[PDB]
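Here you'll find one protein chain in two forms, each presented separately as structure tokens under the names structure 1 and structure 2.
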Structure 1
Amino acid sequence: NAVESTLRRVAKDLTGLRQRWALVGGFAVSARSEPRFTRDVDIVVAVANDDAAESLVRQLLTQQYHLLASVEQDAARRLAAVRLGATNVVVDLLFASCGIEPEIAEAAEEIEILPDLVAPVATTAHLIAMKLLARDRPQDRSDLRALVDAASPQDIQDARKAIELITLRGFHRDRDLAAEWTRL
């Protein structure tokens, strides 16, 4: 299973580098709500600035990853994300895509997926916030619906607070996420 192999390897590599990270994306959505066919492995990594993100990427390029794409943005964090390939499956590392990557990593829960496969998995509330922001990639709307259907009242309030923090940090791309959240 190419994805299982990729998850195992990136988990060991990020842990060996003592990084603050969490599984997000379709596999995290599946864990928190309803499983779905997913082929991208998406991981949030909390680092302080572009220099630190670049340093992590440079190290991973010496461990048999290659750079497929980088997502640049006109902001203080010029590096939102990178897309890396195995030299199996794509891994996206998200550094400054939603602006709450530190909170996502800090709140993520370690799950033993299979023997010798342990990964921090983002909370339902943080996935709701990410998927609300990213809404566009039509699978985000479906992931969001599933997450909301699974969410507890407390998950809903926690998502509200995460979305407020995205906006306070200027990562809301000029949208009224609070209004959008009232509708979900």
Structure 2
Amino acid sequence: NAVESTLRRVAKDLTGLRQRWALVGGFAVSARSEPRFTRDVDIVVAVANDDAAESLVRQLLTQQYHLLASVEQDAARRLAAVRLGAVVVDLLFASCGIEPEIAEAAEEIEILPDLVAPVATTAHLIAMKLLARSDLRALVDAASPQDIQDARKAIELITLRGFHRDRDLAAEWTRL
């Protein structure tokens, strides 16, 4: 209940600030395949640089959220994600490296009554789950062949940009 309310507000809010965002969590997956909800809202946001990110989060913290975590990294984009409180919202700026592909690529879908929201493509969802690690099994069982192709591409572009941790993701999959 808190979860749908949280999702509604942040969507209101992100749209409000004309951001390029995309659901990549429980609702997203549920939309692209079968019911796999969580008590977390996972969203990607395409933003220019760390200033953009910082600024966005400041603007959101004037609203009715609190900052529960900054996730940082040694690379050119310091600020990978943040986690906010209202139920928790993870915002991903540069966790996977294809945030802006994902957000261009998302499609608007009506998730709840009179809530349309952009939703990561199945292929992207597959990419991201692999990287985080039956959320995945679901997405794959559900995925069309072209879906699988796009996923491989998405995998590749993550690896190129070198957010692949140090993992052969291509590999990790054929296994699973």
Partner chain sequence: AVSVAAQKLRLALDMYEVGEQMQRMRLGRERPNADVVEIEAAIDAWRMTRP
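Between two forms, the rigid core is the largest collection of C-alphas that superpose within 1.5 Å. Please note that residue numbering is based on structure 1, beginning with 1 at the start of its sequence.
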Sort out for me whether 1 or 2 is the form solved in complex with its partner chain. 1
Is residue 116 among the residues whose Cα moves by 2 Å or more between structure 1 and structure 2 after superposition of the rigid core? yes
Shift in Å of the residue 36 Cα between structure 1 and structure 2 [rigid core superposition]: 2.3
Core-superposed CA shift of residue 104 between structure 1 and structure 2, in Å, is 0.6
